[PDB]
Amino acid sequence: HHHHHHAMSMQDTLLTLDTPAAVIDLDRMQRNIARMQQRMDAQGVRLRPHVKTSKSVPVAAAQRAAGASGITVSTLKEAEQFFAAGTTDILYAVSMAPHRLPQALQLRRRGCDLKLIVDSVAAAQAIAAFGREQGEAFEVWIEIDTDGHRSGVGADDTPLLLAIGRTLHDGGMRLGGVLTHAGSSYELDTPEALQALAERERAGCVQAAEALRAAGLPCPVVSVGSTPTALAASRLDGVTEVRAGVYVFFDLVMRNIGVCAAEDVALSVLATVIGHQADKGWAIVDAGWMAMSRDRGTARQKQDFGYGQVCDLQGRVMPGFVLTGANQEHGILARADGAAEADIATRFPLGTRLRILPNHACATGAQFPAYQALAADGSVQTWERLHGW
């Protein structure tokens, strides 16, 4: 039992970690994983989780174990990490830059079934010319703009859809599908508006696929998604897969959109109280914006949580206390309502540990080299995640 005794001596808990730390409540993370996978199984579509929220091998392993099919990545560094870890079905869902083609070629030549996306004739021409030069039939999907959010060919822009699809297909590449991301779902906050946007996202992606196929071009995959529209879609006829990422943890922006409650948020930042300004009702904590990130997505929503909702050590919300301000390594904990708490030092004594729910899980997670994955027994384990490009 030499290993056992030594490992027990080294095991951390929420009391022994240094702060700040990004804590994943594994039981909440597994409920979120199951909820999404079950919804997609009920819809008869594949779930291709977007790992840009955690960039962590063990978190994606849990998603794969639950039934996910492949992943979506936001950078080729994520494709390199997850392919090294055994994931071969990877979609790089950012408009392809020609200068990154040698790295995408190398990944495919090592055995990664890496898919790229474009939304322009010039990007299609760059991929097809390099593929012909290098003897590589890249798989390329066409990105569709279904809601005005960001990149993509308009769903009704048949001439440009065909021009890009022909450039790829005639060029000897594999035109593998269409995808869309209805990111404007983050501006909504009612179930009726989310359900309608989910239907516009489905209808527009399938419209683009049907236009390509009406021109004789292959388009076997139809991929949609954002977490809110994944959870709100009534029907997904014509869709092969849904992509969703932030759901794995949720956050307060998702709580305000209405697709989860604060009790579903699996990621919190463990912080210590390091001081006060008693006459202003401030407790000062060691989670500033370097821990929380500068994300303030809740500022324009129905309930502004400042730099995060305060919870006790046990992870239960402490209503009315939020981080009202943040500097790099100092957070200002005070009443959301703008009163000065009396006796703030008795409410929050020096050295008290608290947990802060984030505005945006993807933004807060990226501030940490690793998560501390919290098991039901109170034990944590360090789960590394990727930083940079």
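When you see a residue number, it is the position in the sequence shown, counting from 1.
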| property | result |
| --- | --- |
| 341 to 349 versus 321 to 329 - which carries the larger mean C-alpha B factor in the record | 341 to 349 |
| Greater mean Cα temperature factor according to the PDB record, 47 to 55 or 33 to 41 | 33 to 41 |
| Selection by C-alpha B-factor (highest) of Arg100, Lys115, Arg109, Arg235 | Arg235 |
| Selection from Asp251, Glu78, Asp189, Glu133 [criterion: highest C-alpha temperature factor in the record] | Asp189 |
| Third assignment of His360 from its chain's C-alpha B-factors | lowest |
| Where the record places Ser223 (Cα B-factor, split into thirds across the chain) | lowest |
| Chain thirds of CA B-factor: placement of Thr19 | middle |
| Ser379, C-alpha B-factor rank within chain (lowest, middle or highest third) | highest |
| Record-listed C-alpha B factor of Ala84: chain third | middle |
